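data-v3.cif, holding mmCIF, C-alpha atoms:
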data_work
loop_
_atom_site.label_atom_id
_atom_site.label_comp_id
_atom_site.auth_asym_id
_atom_site.auth_seq_id
_atom_site.Cartn_x
_atom_site.Cartn_y
_atom_site.Cartn_z
CA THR A 4 62.97 -10.83 -112.54
CA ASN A 5 63.90 -8.90 -115.69
CA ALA A 6 60.91 -10.46 -117.44
CA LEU A 7 60.72 -8.27 -120.53
CA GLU A 8 56.91 -8.12 -120.44
CA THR A 9 55.54 -8.67 -123.93
CA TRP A 10 52.01 -7.95 -125.12
CA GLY A 11 50.27 -10.16 -127.65
CA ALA A 12 46.77 -10.17 -129.13
CA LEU A 13 44.61 -13.32 -129.27
CA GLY A 14 44.46 -14.84 -132.75
CA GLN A 15 47.38 -12.85 -134.17
CA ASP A 16 51.04 -13.87 -134.48
CA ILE A 17 53.92 -12.53 -132.36
CA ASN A 18 57.71 -12.24 -132.47
CA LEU A 19 59.96 -12.73 -129.44
CA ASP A 20 63.09 -10.81 -130.34
CA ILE A 21 66.40 -10.90 -128.47
CA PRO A 22 67.65 -7.31 -127.88
CA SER A 23 71.28 -6.43 -128.56
CA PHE A 24 71.91 -9.92 -129.98
CA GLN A 25 74.04 -10.51 -133.04
CA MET A 26 74.33 -13.79 -134.91
CA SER A 27 77.95 -14.97 -135.12
CA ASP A 28 79.85 -18.18 -135.89
CA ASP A 29 80.62 -18.86 -132.25
CA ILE A 30 76.94 -19.54 -131.80
CA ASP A 31 75.84 -23.14 -131.48
CA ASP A 32 72.85 -23.85 -129.24
CA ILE A 33 69.97 -21.41 -129.33
CA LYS A 34 67.31 -22.72 -126.95
CA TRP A 35 63.75 -21.54 -126.38
CA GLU A 36 62.04 -22.98 -123.32
CA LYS A 37 58.44 -22.69 -122.14
CA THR A 38 58.83 -22.54 -118.36
CA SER A 39 55.59 -24.02 -117.03
CA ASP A 40 55.71 -27.32 -118.96
CA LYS A 41 59.52 -27.17 -118.94
CA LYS A 42 60.43 -28.47 -122.39
CA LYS A 43 62.04 -26.73 -125.35
CA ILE A 44 59.81 -25.90 -128.31
CA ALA A 45 62.54 -24.63 -130.64
CA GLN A 46 66.31 -25.15 -130.78
CA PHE A 47 69.03 -24.22 -133.20
CA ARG A 48 71.98 -26.25 -133.08
CA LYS A 49 74.87 -25.13 -135.14
CA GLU A 50 74.34 -27.13 -138.23
CA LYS A 51 72.11 -30.05 -137.26
CA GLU A 52 68.61 -29.02 -138.49
CA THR A 53 66.29 -26.58 -136.70
CA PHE A 54 64.03 -28.39 -134.19
CA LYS A 55 60.41 -27.31 -133.63
CA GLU A 56 57.77 -28.94 -131.42
CA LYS A 57 54.80 -27.49 -133.31
CA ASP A 58 54.65 -25.62 -136.63
CA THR A 59 53.03 -23.03 -134.39
CA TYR A 60 56.63 -21.99 -133.80
CA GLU A 61 59.28 -20.79 -136.22
CA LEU A 62 62.92 -19.85 -135.78
CA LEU A 63 63.95 -16.56 -137.34
CA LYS A 64 67.51 -15.49 -138.10
CA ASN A 65 69.05 -14.18 -134.89
CA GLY A 66 67.26 -16.67 -132.65
CA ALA A 67 63.82 -15.08 -132.87
CA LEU A 68 60.96 -17.36 -131.80
CA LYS A 69 57.69 -16.94 -133.65
CA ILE A 70 54.36 -17.91 -132.09
CA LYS A 71 51.71 -18.20 -134.83
CA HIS A 72 47.99 -17.61 -134.07
CA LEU A 73 48.34 -16.93 -130.38
CA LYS A 74 46.10 -18.93 -128.08
CA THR A 75 45.00 -18.94 -124.45
CA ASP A 76 47.68 -21.51 -123.60
CA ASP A 77 50.36 -19.57 -125.52
CA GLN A 78 50.43 -17.30 -122.48
CA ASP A 79 53.49 -18.30 -120.48
CA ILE A 80 56.99 -17.40 -119.38
CA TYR A 81 59.41 -18.01 -122.23
CA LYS A 82 63.16 -18.24 -121.71
CA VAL A 83 65.98 -18.25 -124.24
CA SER A 84 69.34 -19.92 -123.65
CA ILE A 85 72.09 -19.32 -126.21
CA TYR A 86 75.40 -21.20 -125.99
CA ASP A 87 78.62 -20.79 -127.98
CA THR A 88 80.86 -23.45 -129.54
CA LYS A 89 82.51 -23.96 -126.16
CA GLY A 90 79.54 -24.72 -123.95
CA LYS A 91 79.56 -21.17 -122.63
CA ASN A 92 76.47 -19.02 -122.04
CA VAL A 93 76.32 -16.14 -124.50
CA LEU A 94 73.24 -14.58 -122.97
CA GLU A 95 70.06 -15.34 -121.10
CA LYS A 96 66.73 -13.52 -121.40
CA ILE A 97 63.16 -14.06 -120.24
CA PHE A 98 59.92 -13.03 -121.98
CA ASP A 99 56.51 -12.51 -120.31
CA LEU A 100 54.02 -13.28 -123.05
CA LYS A 101 50.79 -11.64 -121.93
CA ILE A 102 48.04 -12.03 -124.54
CA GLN A 103 45.09 -9.63 -124.24
CA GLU A 104 41.53 -10.75 -124.91
CA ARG A 105 40.81 -7.41 -126.56
CA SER B 1 67.17 -31.52 -103.80
CA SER B 2 70.81 -30.45 -103.95
CA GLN B 3 73.41 -32.95 -102.85
CA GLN B 4 76.78 -31.94 -101.47
CA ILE B 5 79.56 -33.92 -103.17
CA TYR B 6 83.00 -33.82 -101.59
CA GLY B 7 86.03 -34.67 -103.65
CA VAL B 8 89.80 -34.46 -103.65
CA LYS B 9 92.33 -32.78 -105.98
CA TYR B 10 93.75 -35.04 -108.71
CA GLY B 11 91.00 -37.45 -107.82
CA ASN B 12 87.64 -37.99 -109.44
CA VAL B 13 83.97 -37.95 -108.51
CA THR B 14 80.71 -39.40 -109.78
CA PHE B 15 77.30 -37.68 -109.75
CA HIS B 16 74.82 -40.51 -109.14
CA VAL B 17 71.46 -39.86 -110.73
CA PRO B 18 68.68 -41.96 -109.18
CA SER B 19 67.08 -43.04 -112.46
CA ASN B 20 65.34 -46.08 -113.96
CA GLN B 21 64.39 -45.31 -117.58
CA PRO B 22 67.32 -44.79 -120.02
CA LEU B 23 66.95 -41.05 -120.62
CA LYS B 24 68.49 -40.69 -124.06
CA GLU B 25 68.86 -36.92 -123.95
CA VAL B 26 70.65 -35.18 -121.11
CA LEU B 27 72.71 -32.08 -120.40
CA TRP B 28 75.12 -31.43 -117.49
CA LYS B 29 75.93 -27.89 -116.41
CA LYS B 30 78.53 -26.22 -114.23
CA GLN B 31 76.29 -23.27 -113.51
CA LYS B 32 75.56 -21.10 -116.56
CA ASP B 33 77.90 -23.14 -118.76
CA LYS B 34 77.61 -26.65 -120.18
CA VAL B 35 79.77 -29.60 -119.23
CA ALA B 36 78.59 -32.62 -121.18
CA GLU B 37 75.50 -33.41 -123.20
CA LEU B 38 73.64 -36.20 -124.98
CA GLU B 39 71.82 -35.33 -128.21
CA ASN B 40 69.98 -38.02 -130.19
CA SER B 41 72.97 -40.09 -129.13
CA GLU B 42 76.09 -38.05 -129.85
CA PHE B 43 78.11 -37.43 -126.72
CA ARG B 44 79.93 -34.11 -126.34
CA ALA B 45 82.16 -32.80 -123.56
CA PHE B 46 82.96 -29.11 -123.54
CA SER B 47 86.07 -27.08 -122.87
CA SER B 48 88.16 -28.33 -119.97
CA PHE B 49 85.89 -31.31 -119.37
CA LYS B 50 87.07 -32.91 -122.61
CA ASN B 51 88.38 -36.49 -122.08
CA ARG B 52 87.90 -35.62 -118.43
CA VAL B 53 84.49 -37.22 -117.97
CA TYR B 54 82.20 -40.17 -118.52
CA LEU B 55 78.41 -40.13 -118.85
CA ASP B 56 76.32 -43.17 -117.96
CA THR B 57 74.12 -43.81 -120.99
CA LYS B 58 71.47 -45.32 -118.73
CA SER B 59 71.26 -43.63 -115.34
CA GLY B 60 72.39 -40.31 -116.76
CA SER B 61 75.04 -40.24 -114.09
CA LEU B 62 78.16 -38.15 -114.67
CA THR B 63 81.76 -38.89 -113.74
CA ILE B 64 84.52 -36.32 -113.77
CA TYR B 65 88.19 -37.25 -113.58
CA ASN B 66 91.21 -35.41 -112.27
CA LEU B 67 89.73 -32.69 -110.12
CA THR B 68 91.49 -29.33 -110.36
CA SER B 69 90.01 -27.21 -107.54
CA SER B 70 88.71 -24.93 -110.29
CA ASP B 71 85.89 -27.45 -110.50
CA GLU B 72 84.52 -26.76 -107.03
CA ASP B 73 81.24 -25.23 -108.16
CA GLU B 74 77.50 -25.72 -108.54
CA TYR B 75 76.42 -28.45 -110.95
CA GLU B 76 72.97 -29.13 -112.37
CA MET B 77 71.54 -31.53 -114.92
CA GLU B 78 68.42 -31.57 -117.09
CA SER B 79 66.47 -34.13 -119.14
CA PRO B 80 63.04 -34.39 -120.88
CA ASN B 81 62.09 -37.78 -119.35
CA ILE B 82 62.37 -35.57 -116.27
CA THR B 83 60.70 -34.89 -112.91
CA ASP B 84 62.20 -31.48 -111.98
CA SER B 85 65.98 -30.84 -111.98
CA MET B 86 68.85 -32.25 -109.94
CA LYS B 87 71.46 -29.85 -108.52
CA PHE B 88 74.76 -31.16 -107.16
CA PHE B 89 77.37 -29.04 -105.41
CA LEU B 90 80.98 -30.16 -105.72
CA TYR B 91 83.46 -29.33 -103.00
CA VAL B 92 86.95 -30.08 -104.32
CA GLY B 93 88.45 -31.39 -101.10
CA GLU B 94 92.06 -30.64 -100.19
CA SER B 95 94.40 -33.53 -101.02
#

Using structure tokens, write down the structure from this file.
Amino acid sequence: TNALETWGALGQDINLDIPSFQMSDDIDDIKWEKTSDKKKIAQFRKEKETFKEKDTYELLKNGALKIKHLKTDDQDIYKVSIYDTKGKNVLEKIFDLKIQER
Amino acid sequence: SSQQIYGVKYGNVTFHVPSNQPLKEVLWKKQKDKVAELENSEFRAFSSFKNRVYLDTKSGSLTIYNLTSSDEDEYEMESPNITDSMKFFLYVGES
């Protein structure tokens, strides 16, 4: 329920940052899922090449997901799953991307 | 939805996934943490579950060996060639 409500503006880009997160070496699988459709859009696996569904997205150091030129569909519930080199969950956070038709 | 799987210490179980198409990308979880995964075809068991399991490369079914009672938990699997998650609950029986 801790949906860190985020506010975006139609047409502009937005950054989904993970709070008190710090990039380490124990990190391995950084996952960004778009609830509704239920399929990852971005994923950083240790050293295996950053995966991105659409160039509309971009992974930024410290697992930050970037959503270029927001759209009407780009309004969803985004979740981030970060795992360490042992298959353990390092942290889990949810973002409520609410784009305003200003 | 969730299926209750009963097992026995030192024994082994098998999580049967009612599939058809060879999902070549799957991930098994023991709650928040991972168990075994399949990425672009590169198997990988984590922590304790190393050498301890076998994943069916067709029906995405999972098989754990040598139960340790510390395995009695909530298991769940995911896959893109999906149709909403499968959640199994293992009950490490007594003997």

message: I need the chain A residues near chain B as a VMD selection string; criterion: at most 9 Å, counting only C-alpha atoms.
response: chain A and resid 41 to 43 86 88 to 92

If you keep C-alpha atoms, can you produce a file of those selected residues as an mmCIF file, in the coordinates of the input?
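Saved file selection_36.cif follows:
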data_model
loop_
_atom_site.group_PDB
_atom_site.id
_atom_site.type_symbol
_atom_site.label_atom_id
_atom_site.label_comp_id
_atom_site.auth_asym_id
_atom_site.auth_seq_id
_atom_site.Cartn_x
_atom_site.Cartn_y
_atom_site.Cartn_z
ATOM 1 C CA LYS A 41 59.520 -27.170 -118.940
ATOM 2 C CA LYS A 42 60.430 -28.470 -122.390
ATOM 3 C CA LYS A 43 62.040 -26.730 -125.350
ATOM 4 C CA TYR A 86 75.400 -21.200 -125.990
ATOM 5 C CA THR A 88 80.860 -23.450 -129.540
ATOM 6 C CA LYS A 89 82.510 -23.960 -126.160
ATOM 7 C CA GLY A 90 79.540 -24.720 -123.950
ATOM 8 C CA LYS A 91 79.560 -21.170 -122.630
ATOM 9 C CA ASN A 92 76.470 -19.020 -122.040
#

Polymer residues at most 12 Å from (74.7, -36.3, -129.4) by only C-alpha atoms, as a list in words: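 It turns out the residues near that spot are residues 48 and 51 of chain A; 24, 25, 26, 27, 36, 37, 38, 39, 40, 41, 42, 43, 44, 45, 55 and 57 of chain B.
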
query: On this structure, which residues satisfy the PyMOL selection byres ((chain A and resi 35-40) around 12), written as number ranges by chain?
result: A: 19-21, 32-34, 41-48, 53-56, 60-62, 66-70, 76-86, 95-100; B: 80, 82-84

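Shortest atom-to-atom contact with residue 19 (chain B) among B:67, B:95, B:85, B:60: B:60, counting all atoms listed in the file.
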
- request: Within 10 Å of residue 10 (chain B), counting all atoms listed in the file, which residues show up once you throw out same-chain ones fewer than 4 positions away? Write them as an MDAnalysis selection string, please.
  value: chainID B and resid 65:69 92:95

message: Which residue is closest to residue 63 (chain A)? Choose from A:31, A:23, A:18, A:11 and count only C-alpha atoms.
response: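 Nearest candidate to residue 63 (chain A) out of A:31, A:23, A:18, A:11: A:18.
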
message: If we count all atoms listed in the file and set the cut-off at 9 Å, which residues sit around residue 74 (chain A), ignoring sequence neighbours fewer than 3 positions away in its own chain? Please answer as a list in words.
response: residues 12, 13, 14, 15, 71, 77, 78 and 102 of chain A

query: For the atom pair CA of residue 87 (chain B) and CA of residue 52 (chain B), what is the interatomic distance in Å to one decimal place?
result: 20.0 Å

Cut-off 12 Å around (74.4, -40.3, -106.7) with all atoms listed in the file: residues as a tab-separated table (two decimals) with C-alpha atoms, in the frame of the given file:
chain	number	residue	atom	x	y	z
B	1	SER	CA	67.17	-31.52	-103.80
B	2	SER	CA	70.81	-30.45	-103.95
B	3	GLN	CA	73.41	-32.95	-102.85
B	4	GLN	CA	76.78	-31.94	-101.47
B	5	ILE	CA	79.56	-33.92	-103.17
B	6	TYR	CA	83.00	-33.82	-101.59
B	13	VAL	CA	83.97	-37.95	-108.51
B	14	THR	CA	80.71	-39.40	-109.78
B	15	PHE	CA	77.30	-37.68	-109.75
B	16	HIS	CA	74.82	-40.51	-109.14
B	17	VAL	CA	71.46	-39.86	-110.73
B	18	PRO	CA	68.68	-41.96	-109.18
B	19	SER	CA	67.08	-43.04	-112.46
B	56	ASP	CA	76.32	-43.17	-117.96
B	59	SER	CA	71.26	-43.63	-115.34
B	60	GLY	CA	72.39	-40.31	-116.76
B	61	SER	CA	75.04	-40.24	-114.09
B	62	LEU	CA	78.16	-38.15	-114.67
B	63	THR	CA	81.76	-38.89	-113.74
B	86	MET	CA	68.85	-32.25	-109.94
B	87	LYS	CA	71.46	-29.85	-108.52
B	88	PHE	CA	74.76	-31.16	-107.16
B	89	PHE	CA	77.37	-29.04	-105.41

message: What does the structure give for the distance between CA of residue 52 (chain A) and CA of residue 27 (chain A), in Å to one decimal?
response: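 Going from CA of residue 52 (chain A) over to CA of residue 27 (chain A) covers 17.2 Å.
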
task: Work out how far CA of residue 94 (chain A) is from CA of residue 9 (chain A), in Å to one decimal.
output: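 Between these atoms lies a distance of 18.7 Å.
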